[PDB]
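**Student:** Below are the structure tokens for one structure; questions will follow.
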Amino acid sequence: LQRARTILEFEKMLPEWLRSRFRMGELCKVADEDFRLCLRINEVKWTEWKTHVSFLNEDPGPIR
Amino acid sequence: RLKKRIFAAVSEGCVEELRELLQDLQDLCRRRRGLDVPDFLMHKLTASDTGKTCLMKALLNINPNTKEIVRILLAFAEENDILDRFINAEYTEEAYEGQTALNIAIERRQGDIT
């Protein structure tokens with residue numbers, strides 16, 4: 001929590017065109033005409049076994 | 001134009017709609033110069049970019065009626081005798097090289113289709 005207060009004060013002082021360069025996230029076509037600028041996190045689960053329905057992409061690689 | 005209609009019909013689960021499209025393929029197979037019609041029919045059921053066949057497109061998208069769609073597609077390749085080439089196709093890209101149809105059916109936990 002004490003390091004998190006340091007990060008948000010360094011962010012308020014750097015100028016506006018630096019904030020566009022150091023921006024997190026990526027545009028994703030979530031649904032029909034819906035783009036949301038999302039953040040990606042990977043996981044590994046060895047207990048919950050189920051067939052996979054409701055993915056976004058069929059090809060499971062890191063495309064490009 | 002026909003190739004994209006089959007990939008949509010198989011992914012969604014369109015059982016009745018699938019049958020006249022394969023019949024329309026049979027309509028275009030009676031009429032040709034007739035030189036390489038076994039190699040021609042593989043060209044209409046395989047995406048040329050990667051090598052994904054319509055059987056591979058079926059198993060990635062599990063439907064409540066995906067058991068019968070596989071049963072139709074195995075009957076069709078038997079009648080035209082490209083059954084070994086159709087059931088043993090592979091991807092050609094670097095990221096997926098060598099993946100087959102039953103390699104997908106095991107990961108989707110489908111015991112009975114396998």
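Identifiers in this document derive from the order of the structure tokens: chains are assigned A, B, ..., residues are numbered from 1 separately in each chain, and ligands are numbered from 1 in order of occurrence.
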Could you give me, as JSON, numbers by chain, each residue of chain B that DSSP assigns to helix (DSSP H, G or I) when run on this structure's backbone?

**Tutor:** {"B": [2, 3, 4, 5, 6, 7, 8, 9, 10, 11, 12, 15, 16, 17, 18, 19, 20, 21, 22, 23, 24, 25, 26, 27, 28, 29, 30, 37, 38, 39, 40, 41, 42, 43, 44, 54, 55, 56, 57, 58, 59, 60, 66, 67, 68, 69, 70, 71, 72, 73, 74, 75, 76, 77, 78, 79, 80, 83, 84, 85, 86, 87, 102, 103, 104, 105, 106, 107]}

**Student:** Just need the residues of chain B within 12 Å of chain A, counting only C-alpha atoms, so spit them out as a PDB file with N, CA and C atoms, in the first residue's frame.

**Tutor:**
```pdb
ATOM      1  N   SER B  11     -20.579 -25.214 -37.483  1.00  0.00           N
ATOM      2  CA  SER B  11     -20.274 -24.639 -36.175  1.00  0.00           C
ATOM      3  C   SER B  11     -21.530 -24.382 -35.355  1.00  0.00           C
ATOM      4  N   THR B  50      -4.603 -22.566 -43.442  1.00  0.00           N
ATOM      5  CA  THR B  50      -4.008 -23.359 -42.378  1.00  0.00           C
ATOM      6  C   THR B  50      -4.127 -24.860 -42.584  1.00  0.00           C
ATOM      7  N   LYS B  52      -7.327 -26.364 -41.827  1.00  0.00           N
ATOM      8  CA  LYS B  52      -8.437 -26.768 -40.978  1.00  0.00           C
ATOM      9  C   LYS B  52      -9.594 -27.286 -41.820  1.00  0.00           C
ATOM     10  N   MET B  56     -12.633 -30.685 -38.301  1.00  0.00           N
ATOM     11  CA  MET B  56     -11.949 -29.989 -37.219  1.00  0.00           C
ATOM     12  C   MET B  56     -12.766 -28.806 -36.729  1.00  0.00           C
ATOM     13  N   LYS B  57     -13.551 -28.198 -37.618  1.00  0.00           N
ATOM     14  CA  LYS B  57     -14.391 -27.073 -37.222  1.00  0.00           C
ATOM     15  C   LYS B  57     -15.580 -27.550 -36.401  1.00  0.00           C
ATOM     16  N   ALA B  58     -15.989 -28.802 -36.600  1.00  0.00           N
ATOM     17  CA  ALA B  58     -17.120 -29.350 -35.863  1.00  0.00           C
ATOM     18  C   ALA B  58     -16.783 -29.559 -34.398  1.00  0.00           C
ATOM     19  N   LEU B  59     -15.584 -30.073 -34.120  1.00  0.00           N
ATOM     20  CA  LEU B  59     -15.272 -30.543 -32.777  1.00  0.00           C
ATOM     21  C   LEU B  59     -14.811 -29.408 -31.877  1.00  0.00           C
ATOM     22  N   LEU B  60     -14.324 -28.314 -32.462  1.00  0.00           N
ATOM     23  CA  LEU B  60     -13.944 -27.156 -31.665  1.00  0.00           C
ATOM     24  C   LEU B  60     -15.170 -26.465 -31.087  1.00  0.00           C
ATOM     25  N   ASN B  61     -16.311 -26.597 -31.760  1.00  0.00           N
ATOM     26  CA  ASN B  61     -17.544 -25.929 -31.355  1.00  0.00           C
ATOM     27  C   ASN B  61     -18.562 -26.994 -30.968  1.00  0.00           C
ATOM     28  N   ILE B  62     -18.622 -27.278 -29.669  1.00  0.00           N
ATOM     29  CA  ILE B  62     -19.490 -28.341 -29.188  1.00  0.00           C
ATOM     30  C   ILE B  62     -20.927 -27.851 -29.141  1.00  0.00           C
ATOM     31  N   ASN B  63     -21.811 -28.600 -29.781  1.00  0.00           N
ATOM     32  CA  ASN B  63     -23.240 -28.347 -29.833  1.00  0.00           C
ATOM     33  C   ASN B  63     -23.941 -29.530 -29.187  1.00  0.00           C
ATOM     34  N   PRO B  64     -25.220 -29.389 -28.826  1.00  0.00           N
ATOM     35  CA  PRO B  64     -25.972 -30.578 -28.394  1.00  0.00           C
ATOM     36  C   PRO B  64     -26.236 -31.565 -29.516  1.00  0.00           C
ATOM     37  N   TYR B  91      -2.881 -29.581 -39.559  1.00  0.00           N
ATOM     38  CA  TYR B  91      -2.537 -28.178 -39.725  1.00  0.00           C
ATOM     39  C   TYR B  91      -1.164 -28.050 -40.368  1.00  0.00           C
ATOM     40  N   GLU B  93       0.490 -24.666 -40.253  1.00  0.00           N
ATOM     41  CA  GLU B  93       1.178 -23.524 -39.678  1.00  0.00           C
ATOM     42  C   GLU B  93       2.213 -23.980 -38.658  1.00  0.00           C
ATOM     43  N   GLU B  94       3.101 -23.061 -38.279  1.00  0.00           N
ATOM     44  CA  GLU B  94       4.155 -23.414 -37.335  1.00  0.00           C
ATOM     45  C   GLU B  94       3.604 -23.593 -35.932  1.00  0.00           C
ATOM     46  N   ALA B  95       2.516 -22.901 -35.615  1.00  0.00           N
ATOM     47  CA  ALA B  95       2.033 -22.901 -34.244  1.00  0.00           C
ATOM     48  C   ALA B  95       1.184 -24.125 -33.942  1.00  0.00           C
ATOM     49  N   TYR B  96       0.758 -24.863 -34.960  1.00  0.00           N
ATOM     50  CA  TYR B  96      -0.168 -25.964 -34.730  1.00  0.00           C
ATOM     51  C   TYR B  96       0.181 -27.200 -35.546  1.00  0.00           C
ATOM     52  N   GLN B  99      -1.453 -31.255 -35.602  1.00  0.00           N
ATOM     53  CA  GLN B  99      -2.662 -31.523 -34.842  1.00  0.00           C
ATOM     54  C   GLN B  99      -3.718 -32.155 -35.736  1.00  0.00           C
ATOM     55  N   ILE B 104      -8.175 -33.325 -31.156  1.00  0.00           N
ATOM     56  CA  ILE B 104      -9.115 -32.325 -30.661  1.00  0.00           C
ATOM     57  C   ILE B 104     -10.204 -32.986 -29.826  1.00  0.00           C
ATOM     58  N   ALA B 105     -10.634 -34.186 -30.219  1.00  0.00           N
ATOM     59  CA  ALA B 105     -11.751 -34.839 -29.544  1.00  0.00           C
ATOM     60  C   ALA B 105     -11.369 -35.316 -28.150  1.00  0.00           C
ATOM     61  N   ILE B 106     -10.089 -35.608 -27.927  1.00  0.00           N
ATOM     62  CA  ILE B 106      -9.654 -36.009 -26.594  1.00  0.00           C
ATOM     63  C   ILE B 106      -9.629 -34.808 -25.659  1.00  0.00           C
ATOM     64  N   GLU B 107      -9.153 -33.662 -26.148  1.00  0.00           N
ATOM     65  CA  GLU B 107      -9.025 -32.483 -25.300  1.00  0.00           C
ATOM     66  C   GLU B 107     -10.385 -31.886 -24.966  1.00  0.00           C
ATOM     67  N   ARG B 108     -11.372 -32.065 -25.845  1.00  0.00           N
ATOM     68  CA  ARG B 108     -12.733 -31.636 -25.548  1.00  0.00           C
ATOM     69  C   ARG B 108     -13.499 -32.652 -24.718  1.00  0.00           C
ATOM     70  N   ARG B 109     -12.820 -33.708 -24.260  1.00  0.00           N
ATOM     71  CA  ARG B 109     -13.321 -34.702 -23.311  1.00  0.00           C
ATOM     72  C   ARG B 109     -14.487 -35.500 -23.887  1.00  0.00           C
ATOM     73  N   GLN B 110     -14.530 -35.621 -25.213  1.00  0.00           N
ATOM     74  CA  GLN B 110     -15.602 -36.338 -25.899  1.00  0.00           C
ATOM     75  C   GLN B 110     -15.205 -37.805 -25.990  1.00  0.00           C
ATOM     76  N   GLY B 111     -15.796 -38.610 -25.109  1.00  0.00           N
ATOM     77  CA  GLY B 111     -15.436 -40.015 -25.058  1.00  0.00           C
ATOM     78  C   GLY B 111     -16.030 -40.820 -26.196  1.00  0.00           C
TER      79      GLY B 111
END
```

**Student:** Near region 12-24 of chain B, counting only C-alpha atoms, which residues have an atom at most 12 Å away, once you skip same-chain residues fewer than 4 positions from it, shown as a ChimeraX atom specification?

**Tutor:** /B:1-8,28-31,41,44-45,54,57-73,75-77,79-80

**Student:** How would you write, as a list in words, the set of residues in chain A that DSSP gives as strand (DSSP E or B)?

**Tutor:**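 Answer for chain A, restricted to strand (DSSP E or B): residues 26, 29, 30, 31, 34, 35 and 38 of chain A.
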
**Student:** Can you spit out the residues from that selection as a short mmCIF file (atom, residue, chain, number, x, y, z; two decimals), in the first residue's frame, using C-alpha atoms?

**Tutor:**
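Below is the file that was written, out-v6.cif:
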```cif
data_model
loop_
_atom_site.label_atom_id
_atom_site.label_comp_id
_atom_site.auth_asym_id
_atom_site.auth_seq_id
_atom_site.Cartn_x
_atom_site.Cartn_y
_atom_site.Cartn_z
CA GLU A 26 -5.48 -3.48 -25.51
CA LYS A 29 -13.76 -7.04 -29.81
CA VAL A 30 -15.67 -8.46 -26.87
CA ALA A 31 -19.11 -8.72 -28.47
CA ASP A 34 -18.15 -3.59 -28.09
CA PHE A 35 -14.52 -2.60 -27.44
CA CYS A 38 -8.95 -5.11 -21.38
#
```
